[PDB]
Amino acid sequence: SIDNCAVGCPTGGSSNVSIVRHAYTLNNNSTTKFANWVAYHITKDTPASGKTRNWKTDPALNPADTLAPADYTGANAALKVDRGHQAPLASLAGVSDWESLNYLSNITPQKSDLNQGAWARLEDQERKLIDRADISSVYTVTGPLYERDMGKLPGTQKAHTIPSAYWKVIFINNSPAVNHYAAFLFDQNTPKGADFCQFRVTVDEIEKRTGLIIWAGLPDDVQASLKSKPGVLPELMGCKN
């Protein structure tokens, strides 16, 4: 009865079952130890400011299939990474199970310059959409790419795969079949001062680089036509051209 996707959650994730919460729906990867995709639904009632960050192992997963807080010891000193959210805390922290935004199934080792720079500026504009009187929902899917070796967390002996990039696919209101949409993709090494508007892509490119089908309940002809066309939602988020 919780629908975080509206037009069908993504197919193609490594796990056949996904975790469904009020905060998000997530598909875990027991090999990489990170979520393949995280889908969430911002409304006027979901943002909350100032919540704290008590990182915790996700209790719904086997502990061997995800990370624990200990696994991040030394990671910033070794790799210049932060504990980066997939589903964003401030946009969703009013939901009834908000503490799950700080479960490590919703976190990856994200380079600090990306986390605190363009990724954060995109989060801020994504959240600001919901303040518009005619925007009642923002539906987003976000996740990693795994395309080059980014190193290993020094604080764990677990096999894991740090992402090489992160993407976000967004639409407003009811469905990308009728409503504006956007897709963005950022390498881990994105400079801190980068403008997030320079990282617009198509949904098709993200699918091709992930093995996923996003918005998988849309009709075939809608998928074929809109997924290879960059959307115009970024123009409402301050972007030009």
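One rule holds for the numbers: they count along the sequence shown, beginning at 1.
Of the two stretches examined, 127-135 and 158-166, the record assigns the greater average C-alpha temperature factor to 127-135. Comparing 74-82 with 104-112, the stretch with the higher mean C-alpha B-factor in the PDB entry is 74-82.
Note on 36, 179, 66, 189: the highest value goes to 189, judged by CA B factor as recorded. Among 28, 210, 198, 175, the highest C-alpha B-factor recorded in the PDB entry belongs to 198. For residue 11, the recorded CA temperature factor ranks within the lowest third of the chain's modelled residues. In this PDB entry, the Cα temperature factor of residue 23 sits in the middle third of its chain's modelled residues. Among the modelled residues of its chain, residue 202 has a C-alpha B-factor that falls in the middle third, as given in the PDB entry.
Per the deposited record, the Cα B-factor of residue 233 falls in the lowest third when ranked against the other modelled residues of its chain. Ranked within its chain, residue 51 lands in the highest third, by CA B factor from the PDB record.
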